**Student:** 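If you scroll down you'll find the structure; I have some questions about it.
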Amino acid sequence: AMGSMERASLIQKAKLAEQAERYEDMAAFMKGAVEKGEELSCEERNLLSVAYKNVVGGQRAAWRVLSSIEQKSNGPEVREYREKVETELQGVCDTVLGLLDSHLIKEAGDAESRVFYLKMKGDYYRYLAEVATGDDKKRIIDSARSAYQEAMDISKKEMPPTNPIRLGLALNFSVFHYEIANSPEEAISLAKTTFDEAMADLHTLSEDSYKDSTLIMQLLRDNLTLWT
Amino acid sequence: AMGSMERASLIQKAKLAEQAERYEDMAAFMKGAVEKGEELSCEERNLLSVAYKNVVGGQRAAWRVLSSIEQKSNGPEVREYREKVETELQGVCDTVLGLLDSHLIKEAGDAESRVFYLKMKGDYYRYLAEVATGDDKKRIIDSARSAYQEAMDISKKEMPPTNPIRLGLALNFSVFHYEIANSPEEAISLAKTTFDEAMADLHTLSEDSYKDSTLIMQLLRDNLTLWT
Amino acid sequence: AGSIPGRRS
Amino acid sequence: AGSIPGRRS
Ligand SMILES: *Cc1ccc(S(=O)(=O)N2CCOc3cc(Cl)ccc32)cc1
Ligand SMILES: *Cc1ccc(S(=O)(=O)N2CCOc3cc(Cl)ccc32)cc1
Ligand SMILES: [Cl-]
Ligand SMILES: [Cl-]
Ligand SMILES: [Cl-]
Ligand SMILES: [Cl-]
Ligand SMILES: [Mg+2]
Ligand SMILES: [Mg+2]
């Protein structure tokens with residue numbers, strides 16, 4: 001669809017779309033950029049993630065509103081409209097997963113890129129799991145688990161405990177354990193051990209790296225306070 | 001597009017879409033409802049207006065961000081993307097104007113409905129005027145003026161000076177004078193006379209009508225403070 | 001300046 | 001609870 005636009009122009013327009021808070025456009029520009037077939041830089045990976053996280057985040061919030069109304073109600077309209085939003089959400093998740101599978105993950109050899117993409121894979125299966133009810137729901141949960149686990153294994157071997165991607169991965173995998181997998185103790189354990197191991201490595205960091213690591217540590221702490 | 005859905009289901013889904021903050025969906029449901037060909041009730045007119053005002057409001061905010069970047073810049077990408085957003089915005093305004101012309105206005109005989117729709121007509125021509133530059137820009141401005149003027153003439157003959165539709169119309173026409181027509185004195189005069197004539201009629205109102213009228217009077221006052 | 005909002009809020 | 005935001009803000 002964006003096949004006729006230059007890669008650099010798609011990236012530029014994704015940055016403009018973010019500034020304009022046009023996240024659907026942003027996501028379309030970034031999908032076009034990925035489909036050029038070249039690997040993404042650090043900055044470009046963040047544009048891709050920001051775009052789709054915002055699009056699906058809005059769909060999730062709408063699905064939650066509609067699901068609440070539907071549950072209180074229990075004509076067909078609320079269920080029909082919740083189903084419409086759900087199908088759209090699933091479509092976006094499938095699109096992101098398709099970009100990761102064709103071919104971002106397989107071409108990502110550096111630990112930072114590969115962990116980034118596997119964290120995304122876990123997240124979009126997690127979003128699918130939030131709305132799943134059918135014969136494949138266990139399998140969707142396991143797909144999220146498997147992606148997060150591979151990312152964790154690489155991160156623990158290849159990155160310091162304060163690395164922001166490693167920290168964000170652990171944060172999100174802990175949310176998976178608490179909210180999806182019905183494993184609140186695993187969630188609490190992961191968040192605690194992540195926080196403590198990062199704390200012990202902060203002394204190695206510059207001011208700017210310290211700010212990033214402590215920002216995510218505070219999110220881990222905020223969850224621990226909510227969960228305990 | 002919504003031709004196979006019942007009118008009542010479209011209205012119900014527009015209300016759900018508003019609760020879910022899905023304003024594009026809201027607008028599509030309300031377009032489908034209008035296209036059933038029946039007149040709209042007071043509540044339904046407000047759903048139609050809310051939906052499109054929110055959609056175009058987001059487009060306007062994005063266009064302003066992009067137009068600012070473009071003006072600071074003065075490759076083709078910023079202009080191209082501003083043009084894309086502009087074309088989309090114009091398309092939505094044309095859609096709303098088309099609903100008003102086919103056939104909401106011509107079937108609206110009561111003063112309240114006819115003023116409501118002519119106020120909308122003025123507003124969507126005003127939004128077109130905000131982005132216009134070509135040979136038709138004077139004509140777009142005059143189309144907004146003409147719609148607002150007809151609404152004003154009816155409102156002054158048929159509604160009390162505290163009527164909220166009459167007040168909102170005067171508010172928006174005053175914004176037209178200030179921001180579009182380069183007539184700040186006309187804008188200030190209209191806002192002042194509207195405010196003062198409403199103030200003098202508040203004694204006739206119930207508590208709930210008083211709250212609505214004073215709410216809009218405060219908006220008139222906020223503009224007067226900004227403009228003077 | 002400001003035009004009318006779509007809802008009282 | 002909360003997952004990571006897309007940007008530091
Ligand atoms: C254009 C217009 C003016 C007033 C109304 S209303 O009185 O029905 N009402 C509902 C819509 O949003 C409002 C905002 C404010 Cl500040 C006051 C009243 C309303 C509808 C349309
Ligand atoms: C999943 C993930 C974790 C960290 C980063 S980042 O360090 O590049 N960065 C930019 C994206 O948004 C952030 C939010 C927070 Cl709270 C901390 C750092 C970042 C990117 C992706
Ligand atoms: Cl639907
Ligand atoms: Cl590679
Ligand atoms: Cl474009
Ligand atoms: Cl009629
Ligand atoms: Mg090229
Ligand atoms: Mg019917």
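Chain A is the first sequence line, chain B the second, and so forth, proteins listed ahead of strands; every chain is numbered from 1. Because only heavy atoms are used, hydrogens play no part in the values below, and waters and symmetry mates are left out as well, while side chains stay in.
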**Student:** Below 3.5 Å only, please: all the donor-acceptor pairs between chain D and chain A, one per line.
**Tutor:**
{"residue": "D/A1", "atom": "N", "partner": "A/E179", "partner atom": "OE2", "Å": "2.6"}
{"residue": "D/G2", "atom": "N", "partner": "A/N223", "partner atom": "OD1", "Å": "2.9"}
{"residue": "D/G2", "atom": "O", "partner": "A/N223", "partner atom": "ND2", "Å": "2.9"}
{"residue": "D/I4", "atom": "N", "partner": "A/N172", "partner atom": "OD1", "Å": "2.9"}
{"residue": "D/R7", "atom": "NE", "partner": "A/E18", "partner atom": "OE2", "Å": "2.9"}
{"residue": "D/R7", "atom": "NH2", "partner": "A/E18", "partner atom": "OE1", "Å": "2.9"}
{"residue": "D/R8", "atom": "NE", "partner": "A/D212", "partner atom": "OD1", "Å": "2.6"}
{"residue": "D/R8", "atom": "NE", "partner": "A/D212", "partner atom": "OD2", "Å": "3.4"}
{"residue": "D/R8", "atom": "NH2", "partner": "A/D212", "partner atom": "OD2", "Å": "2.7"}

**Student:** Just to verify, what does A/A28 make a side chain to side chain contact (heavy atoms under 4.5 Å, CB included) with, not counting sequence neighbours?
**Tutor:** A/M2

**Student:** Taking all non-hydrogen atoms of both residues into account, name the closest pair between D/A1 and A/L226 and its distance.
**Tutor:** CB-CD2, 3.5 Å

**Student:** Once rounded to the nearest 0.5 Å, what's the spacing between atom CG of A/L169 and atom CD1 of D/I4?
**Tutor:** 10.0 Å

